[PDB]
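Structure 1 and structure 2 below are two forms of the same protein chain, each written out on its own as structure tokens.
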Structure 1
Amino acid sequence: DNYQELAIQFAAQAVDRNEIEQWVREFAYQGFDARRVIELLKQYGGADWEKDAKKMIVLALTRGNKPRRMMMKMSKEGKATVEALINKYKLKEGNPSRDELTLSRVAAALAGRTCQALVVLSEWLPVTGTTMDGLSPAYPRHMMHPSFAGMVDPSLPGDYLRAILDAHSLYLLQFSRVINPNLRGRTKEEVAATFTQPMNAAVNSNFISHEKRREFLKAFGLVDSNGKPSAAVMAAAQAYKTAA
């Protein structure tokens, strides 16, 4: 009945630091977890999850993250395959609940495979290898997707780590402007402000150990035995420093 008094009496109770912090942790933003993606893939796909994840990586890389929209301009065969994949994995577009699968999340969780596919798929990506070669010669094809950040060892020596991320950022700059048309008229620093947080989140995630991530970088020819980046990565990193 006395609303002012009800508000004052409510304000009278002091803030319990322990209780309030327990609530902030409970309500906190839950970041991308590759384990949840693989769990959902296994749950919906069973023994077929790996073969279907290969198909979804090709869809994510060559057609994007909108399953129903990409179906509108597709062959009868492709349309039937994507329809079955949407029904089975309850595929959604964009950025929904973490209880949902997307083509981008499938590609991000299985980063090791995604980055290998990029060598073959190079000329069918939103920004082709040929386009990247015109900006920096022999541009590393394995860096040509945002999921590459999930293969980056954060324990690498500072300069070597910055060179890998700058090289990858040269792709991220071109890619973001092609798939996001409002970034086309913005500066390198403005476009970078949209991709650095999800890139760093992938670099610093606990999915795939530091050692296994460095083994991938070495196997793909991005770093040597001492973790020193290749001449192609150094070129791409310098091309990023110069880039508009």
Structure 2
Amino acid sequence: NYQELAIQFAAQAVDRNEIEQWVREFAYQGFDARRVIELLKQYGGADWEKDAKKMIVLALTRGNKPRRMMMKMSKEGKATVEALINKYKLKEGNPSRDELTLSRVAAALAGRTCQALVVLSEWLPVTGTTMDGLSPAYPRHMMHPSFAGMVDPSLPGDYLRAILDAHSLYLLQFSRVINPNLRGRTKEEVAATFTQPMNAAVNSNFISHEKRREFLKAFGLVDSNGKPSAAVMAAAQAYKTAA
């Protein structure tokens, strides 16, 4: 008997809290922020912070292939990267958990990466100027995928949606630039490649909700209550009308 036993299973109702746990457990995990920092301290020692700052600059302006970027670089720079590759055992793409990538270093330390964006605005693959041509006064702090780990999910539904839609305007433009895989794919198709790690970082256990909101407030993205800035709201709408 199998037709009968299938309904009884469906009748068990939904344990909303139980499902929530499983989602978070099974969630996409591009990097473990804790392991990344653990490794940086282990390999760098006291110098872990300075090198991490450099690795952010390296990641944000030259990408995630350190041996490739080293070919088209100054004598001084090529020396500094070679040292970093050997000191932190740096790899390319997405390897094992106990491995470090420039992208992972930038992702785990999103608090600084986003502050750095203000300065590096015109050195990024998608400049702040290119972003302004889509939404006036686009928030520079939002111009890196690591931003998502700076979003507080406890924020009111309408406010949270606004932050994410604003962020996704960059994401959409950045994905098209970094990926030649784009031929002429619709906004909905492109979103499918970047929303998975976005939500992953939005809902991750690393950095509390209270602390993540304090960052957004500091960057001038939300007020004391959590109402997103006009710039955010402008970009969120710019995203809905975009293609």
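Residues that one form lacks are left out of the comparison. So that the term is clear: the rigid core is the largest set of C-alpha atoms that superpose within 1.5 Å between two forms. Structure 1's sequence is the ruler for residue numbers, which start at 1.
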* Looking at the motion between structures 1 and 2, would you put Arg36 and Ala12 in the same rigid part? -> no
* Structure fact -> Per C-alpha superposition, the smaller rigid part rotates against the larger one between structures 1 and 2 by an angle in degrees of 45
* Once you lay the two forms on top of each other by their rigid core, how far has the C-alpha of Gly185 moved between structures 1 and 2, in Å? -> 1.6
* Structure fact -> Taking the rigid core as reference, the Cα of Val152 travels between structures 1 and 2 a distance in Å of 0.3
* Structure fact -> Shift of the Cα of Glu21 between structures 1 and 2 with the rigid core overlaid, in Å, rounds to 17.4
* To do: Go ahead and list the segments of at least 3 residues in a row whose C-alphas all shift 2 Å or more between structures 1 and 2, with the rigid core as the reference fit.
  => 2-32
